[PDB]
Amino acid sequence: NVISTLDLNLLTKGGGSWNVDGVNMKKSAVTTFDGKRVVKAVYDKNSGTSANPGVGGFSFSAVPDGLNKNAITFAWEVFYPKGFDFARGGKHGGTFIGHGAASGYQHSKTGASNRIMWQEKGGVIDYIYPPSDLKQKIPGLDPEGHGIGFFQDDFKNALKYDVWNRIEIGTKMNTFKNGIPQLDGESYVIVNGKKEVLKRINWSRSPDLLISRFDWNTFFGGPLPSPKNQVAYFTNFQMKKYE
């Protein structure tokens, strides 16, 4: 089910068939750790969102050759050395739908996003910014304020220390019938083999607005930044069929 795997030796040289762009390496680095080619994500104390002054994490986008715009999964592995402080959560990355803002406390009629966040104590959630002005039937899936979290009770302390945790996030567009979005989009999260699915999502308002990119942007919060200088390692970024 793997379509392609990002070669991190090409991360700032176009990413091969991933078409990687917008790399913000910051204080992070591609290196070798535990026999694997990884990105060492460096989170300085007080780093998080732009509201916080420190430097932390790294980002990139990709539109890989082979991206199924109607349904796709992205996957990666992350190693948290013992003692890492998860604070009260942060971002990994995920998929964006359409165009227009769908993060950063902004929404748009044309855009949505489906991201993984970590949580306190190494929990995981699905974290969604849905489009403005688009009907939803899932209670609280609202395009205002911050994103909407799902699965908090299913992945408590799922991210263990000193191990390669395996993460996946699947996104499946809703269908349209005579142009009306059909509230049959889906999302799923997998952490170390445990999968949870969310059904009945409207991901976009019209069939021209489909999955448009992978967006990687790892940082603490909001609203709390990294409480100390610390690192995590990410590896094995894959684009996979939606299962």
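From 1 onward, residues are counted along the sequence shown.
Peer 1: On mean Cα temperature factor in this entry, is 177 to 185 or 62 to 70 the higher one?
Peer 2: Result of the comparison: 177 to 185.
Peer 1: Can you let me know which of the two, 135 to 143 or 111 to 119, has the higher average C-alpha B-factor in the entry?
Peer 2: Stretch with the greater average CA B-factor: 135 to 143.
Peer 1: Given 27, 36, 213, 45, identify the residue with the highest C-alpha B factor in the PDB entry.
Peer 2: That would be 36.
Peer 1: Please work out which residue in 83, 130, 89, 93 has the highest C-alpha B-factor recorded for this crystal structure.
Peer 2: That would be 83, according to the entry.
Peer 1: How does the C-alpha B factor of residue 22 compare with the rest of the chain: lowest, middle or highest third?
Peer 2: It falls in the bottom third of the chain.
Peer 1: Going by what the PDB entry lists, where does residue 162 fall on CA B-factor within its chain: lowest, middle or highest third?
Peer 2: For residue 162, the deposited C-alpha B-factor lands in the highest third.
Peer 1: Going by the entry, which third of its chain does the Cα temperature factor of residue 227 land in?
Peer 2: According to the entry, residue 227 has a C-alpha B-factor in the chain's middle third.
Peer 1: Taking only the Cα B-factors deposited for this chain, tell me whether residue 53 sits in the lowest, middle or highest third.
Peer 2: Answer is middle: the recorded C-alpha B-factor places it there.
Peer 1: In terms of the chain's CA B-factor thirds, is residue 197 lowest, middle or highest?
Peer 2: Highest third.
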